[PDB]
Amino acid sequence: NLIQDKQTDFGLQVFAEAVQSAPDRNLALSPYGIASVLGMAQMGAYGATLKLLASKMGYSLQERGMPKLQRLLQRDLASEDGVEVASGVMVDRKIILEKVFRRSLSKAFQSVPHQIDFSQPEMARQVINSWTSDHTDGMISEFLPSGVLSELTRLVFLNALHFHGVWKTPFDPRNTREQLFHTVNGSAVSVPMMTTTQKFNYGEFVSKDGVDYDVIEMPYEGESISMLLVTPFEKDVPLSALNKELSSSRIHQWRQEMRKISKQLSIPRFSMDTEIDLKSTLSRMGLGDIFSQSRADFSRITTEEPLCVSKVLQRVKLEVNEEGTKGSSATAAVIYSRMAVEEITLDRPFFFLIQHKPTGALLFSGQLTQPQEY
């Protein structure tokens, strides 16, 4: 809907700032997860800080009927098989919380703020890691490494997501082969390339800046979730040129302009485990003041003292491999055609989006720039 698209757009903007500052690195974020934590921050914000957040995000969770929308969204995504996701706010145990913040987090997120003794950073780390692990079924067992929290840490918003998908149609691992992937370096490296032929939802598009590109869709079993793979046509045009195609409306027009068509698709097998501290990106988006001791207004969290965000952290993890619906065939029925099936091989950096179709939410937005890394 309208506000789903606003969340998707806000999260893709964060994604687009992240890749702009690190064009050569593998990166997976969760637009849903990012909107979720900044939605938590909104519940605590007041005055100019609320106004700032609401204007950058495009909506306000403090407005009538909005907590129920956040809550149903969160409920629908978390209930997907394969999805383990956790968001929460961790606040120093010494701070006296306002009831309104408690009531807001319960109404929109069915959560409570988690009080942490940050004056003992290594204990705080173990407590936060165990909580995150318990709430992701162990899939994110050590959310934070040492050196992130300090004794000065007061308020942390975090989101953790692991996703184990099963393709509707399995890849045959016997069809997986070492083939060359071209990095932004110009260098070529040989990696396992999974391959399959099937009728694929497929479209060709051109960006605003006249860059020609394709998008191809691959469903997980159930078809509530599917991955969209997006890449420049020309092998020597960088992935960067596409950063601004990623909007919820552009995704809407991809879905109505795409049609099924036989294709031989080859894509690297890869895993990503991306940890990100979102300060630098959010500040590039104009949200720097939420981190400022002098300018941030979280009066809804506490009125007894100044308070600004210490950290906004996300960790996202997924493994993309051959696994498909058990006992299903890797291969279509043999239909003869004088039509040569076009090959699409993803042997240069590409975007991948993983979308929940009922809500339209993006569980992931990532770029693969080097398949041999996480």
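The first residue of the shown sequence is 1; numbering continues from there.
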Residue stretch of maximal mean CA temperature factor, 107 to 115 vs 196 to 204: 196 to 204
171 to 179 set against 123 to 131, stretch whose average Cα temperature factor tops the other in the entry: 171 to 179
Residue with highest C-alpha B-factor in the PDB entry, from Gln256, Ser280, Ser299, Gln74: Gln256
Most elevated Cα B-factor in the entry, residues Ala35, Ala340, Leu346, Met43: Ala340
Position of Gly186 among the chain's modelled residues by C-alpha B-factor, lowest, middle or highest third: highest
CA B-factor ranking of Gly39, expressed as a third of its chain: lowest
Entry-reported Cα temperature factor of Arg102, expressed as the chain third it lands in: lowest
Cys308 - which third its CA temperature factor falls in, relative to the rest of the chain: lowest
Within-chain third of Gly11 by Cα B-factor, per the entry: middle
